[PDB]
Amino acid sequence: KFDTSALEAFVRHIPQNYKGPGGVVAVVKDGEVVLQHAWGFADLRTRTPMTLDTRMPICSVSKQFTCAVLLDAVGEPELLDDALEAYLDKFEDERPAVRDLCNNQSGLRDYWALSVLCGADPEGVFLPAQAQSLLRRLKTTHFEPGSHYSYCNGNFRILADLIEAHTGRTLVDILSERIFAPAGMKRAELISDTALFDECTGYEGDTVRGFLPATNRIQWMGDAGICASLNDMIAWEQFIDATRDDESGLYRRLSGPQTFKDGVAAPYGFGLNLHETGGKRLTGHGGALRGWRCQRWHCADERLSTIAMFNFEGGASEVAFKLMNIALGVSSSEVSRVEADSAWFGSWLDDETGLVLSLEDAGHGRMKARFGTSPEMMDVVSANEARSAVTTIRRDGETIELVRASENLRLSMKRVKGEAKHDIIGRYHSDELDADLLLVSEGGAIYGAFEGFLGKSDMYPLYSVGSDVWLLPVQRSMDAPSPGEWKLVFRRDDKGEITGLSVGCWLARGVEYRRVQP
């Protein structure tokens, strides 16, 4: 009997440690459900309890299902390379291979982050014709295909379109016939229009701010769209275990090792994160949307899967990971920290990429870093070295070296200083997006708005961190996580006149804008 005593003790305390309306969790071992539990409410106002058969959007956990459809109904990604050439018909750089789309090594900038720059409302309707209009206008990459990893939902949204055109069938129908029926996922469905989903309510907020029902109206497929219950997701884990020994089986074909073009090990393959804990290899994926979070993980050597799905923005990924470590008996352990010198604090700029790192004290030998899409906590392990699980930074005087070895990324960043001039106001234009950024002063405080084919955004405050380097936080958007902070790095003439600027974030780097107004 697989002993679930420590798992049960952890699950019993989830509602107090991961505060929110409701959720579901499961642990599958050797193809058997050994732990399955629902708690709380699907809706706090109608008082509808959360159940094991309550469907929820699984969001980015859909990506692995779109690569499974690709392999099952089309074949290897190379069969769609000709069609990708016609889809990205205005491309000016070398196009990524369809295989690079599947592995998140494409170099394309994320279209949900770009939708903010095109003026999208965070709670706006987003149609299939607008997705294609934005994806098919892309011309450039932000790194050479195969050279680095970056998470790009557009890779999978394009894949869905390629699959439907090659096959002459809908992704809705192919998933149902080729994946959900054989796996025993009885109620799983691709529901592309998020405005139609009302079987469970998702909540934005947290225990301090309060919880608010989320409204989502985007339409998506390929990068997300599947809605399924805990029991549906359990059936997928059982299908995985039943087909574990078939070398030509769909999941085994999705989940092998991958590398970058230089042979360095990569962290993602065919819609799956590839990771390890205590020396044991894991494959899985998480998903997010305003109001929702979920995660699945599978350890092939121990025939073990863990699932967590919440109708709020709490740590479902952390829950699923901790259940896996508890079931594997992995002791996750303690780092000795040192005091953070005050010389670390402030912002640091990479000239090559236009990205910025900002550091602040988070107490006890810890720093809060803002660099990627979400902030990360870093342990200060020595006078000049700090690290999170993904990023290491080393300081030498006025330079920081930042490394994210899993992305094949290494940056050299210089301390940003000086007082920022307020002559940056005016209008700027991006030729590739056909979009404008308007910057105005109101009482000495600078605000900006994004104006493009999706609409005109609200005004957002900007914050300077040194001469000509400004941050523009965007906290809510059509997809989740939101982009975080856009980094604006202005460029000037030899006369000191502004000619343009770079706008970027980790999901979409170096978007060039030229000054056209003020």
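Each residue number is its position in the shown sequence, starting from 1.
Comparing the deposited coordinates for 307-315 and 320-328, the stretch with the larger average C-alpha B-factor is 320-328. For the two regions 65-73 and 450-458, the entry's Cα B-factors average higher over 65-73. Out of 167, 216, 441, 229, the entry records its largest CA B-factor for 167. Residues shown: 349, 288, 181, 120. Highest C-alpha temperature factor in the entry: 181. Among all modelled residues in this chain, the alpha-carbon of residue 428 has a temperature factor (C-alpha) in the middle third. Residue 225 sits in the lowest third of its chain by CA B factor, as recorded in the PDB entry. Per the deposited record, the Cα B-factor of residue 360 falls in the highest third when ranked against the other modelled residues of its chain. Residue-level temperature factors show residue 406 in the middle third of its chain, judged at the C-alpha atom. In the deposited entry, the Cα temperature factor of residue 345 sits in the top third of values across the chain's modelled residues.
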